[PDB]
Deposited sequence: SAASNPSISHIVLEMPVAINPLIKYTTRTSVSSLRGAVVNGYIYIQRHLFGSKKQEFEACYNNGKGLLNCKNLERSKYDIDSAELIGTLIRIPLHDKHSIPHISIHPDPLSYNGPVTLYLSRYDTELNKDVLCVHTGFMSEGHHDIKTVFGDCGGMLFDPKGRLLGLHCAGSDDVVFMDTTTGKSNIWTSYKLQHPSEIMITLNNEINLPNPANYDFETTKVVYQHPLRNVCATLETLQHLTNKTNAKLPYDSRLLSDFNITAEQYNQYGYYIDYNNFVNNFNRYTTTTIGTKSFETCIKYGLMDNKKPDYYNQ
């Protein structure tokens, strides 16, 4: 029902499907045409250093890509910037420009994912939007092999970055209360300035073997409201529990700021029940993302 649907309001973006063209290397992903330049994730040409450098061939490889016509893009001026291949458009405004988030990996809240797809029903290529949640470059929108290049926006339509990686599951540690979690897939973003929230970002795409989380995707305020509701219905003043940091990466400053007081022992002592039982009809993981929606 409406009681459990966050019903997030997202500003509608009018973008052509050509902002997110499928590039194929004979491998495939989407490019992201952002403000006069197309951005192509380098792993299109291979997912290990040796394979990529041979196939990309200092830019020669671009000549072997479908849907990357010299008529649209100035290939010769391609620049390999970190893990991204950036190529200027001949007509910088041929694709309408978009707003850019000034600090994408700092964003926490609802997001949209835009992806070009071929629709068999309507017999055409169309831009598709999906709703989800993001916490510092990690989101919860389902993706499949090839969806790299999908463009992530905040609710006001500011570009956060590009979908680039994931995993079927993650390992939980600071060990903490989430280590024993009995599958929690990851969805990972990279910014246009090669910012990505993973260890060893310079070569994350050739060298990452596992994704490590501290906790499920969460909003700090939403988590505090949820935990207060479960453990302290009268919201009596209780001291900061340091396990809020290790279990949820919530700081003392944040705890005092929002005024949601928590009896963490009660949470620990009923952890299994509280994380497997709904609040209203809302799941625990929904609540620590969006709040109690009352």
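J.: Unmodelled stretches of the deposited sequence, numbered from 1?
T.: Those parts of the chain that were deposited but carry no coordinates are 27 to 31, 180 to 184, 193, 306 to 314.
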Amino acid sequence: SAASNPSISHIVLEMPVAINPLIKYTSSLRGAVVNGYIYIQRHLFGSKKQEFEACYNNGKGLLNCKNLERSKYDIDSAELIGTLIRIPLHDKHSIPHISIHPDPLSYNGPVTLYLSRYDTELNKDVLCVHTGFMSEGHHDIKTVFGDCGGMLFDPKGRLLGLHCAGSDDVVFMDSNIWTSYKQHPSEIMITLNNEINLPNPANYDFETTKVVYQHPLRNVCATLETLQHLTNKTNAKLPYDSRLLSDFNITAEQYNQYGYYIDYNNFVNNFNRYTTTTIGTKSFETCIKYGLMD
From here on, numbers count along this sequence of modelled residues.
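J.: Give the stretch, out of 85 to 93 and 126 to 134, with the larger mean C-alpha temperature factor in the deposited entry.
T.: Of 126 to 134 and 85 to 93, the stretch with the higher C-alpha B-factor average is 85 to 93.
J.: Could you check which stretch, 32 to 40 or 238 to 246, carries the larger mean CA temperature factor in the entry?
T.: Stretch with the higher mean C-alpha B-factor: 238 to 246.
J.: Could you tell me which one of 187, 207, 147, 103 shows the highest CA temperature factor in the PDB record?
T.: In this record, 207 carries the highest C-alpha B-factor of the candidates.
J.: Hey, what third does residue 195 fall into on Cα B-factor, ranked over its chain?
T.: Middle third of the chain for residue 195's C-alpha B-factor.
J.: Sorting the chain's CA B-factors, does residue 71 end up in the lowest, middle or highest third?
T.: As the PDB entry reports it, the C-alpha B-factor of residue 71 lands in the highest third of its chain.
J.: If you rank the chain by CA B-factor, which third does residue 114 end up in: lowest, middle or highest?
T.: Tercile = lowest for this residue's CA B-factor.
J.: Of the three thirds of its chain by CA temperature factor, lowest, middle or highest, which one includes residue 183?
T.: Middle third, going by the recorded CA B-factors of the chain.
J.: Thinking about Cα B factors across the chain, which third does residue 78 belong to?
T.: Its C-alpha B-factor, which the entry lists for residue 78, ranks in the highest third among residues of this chain.
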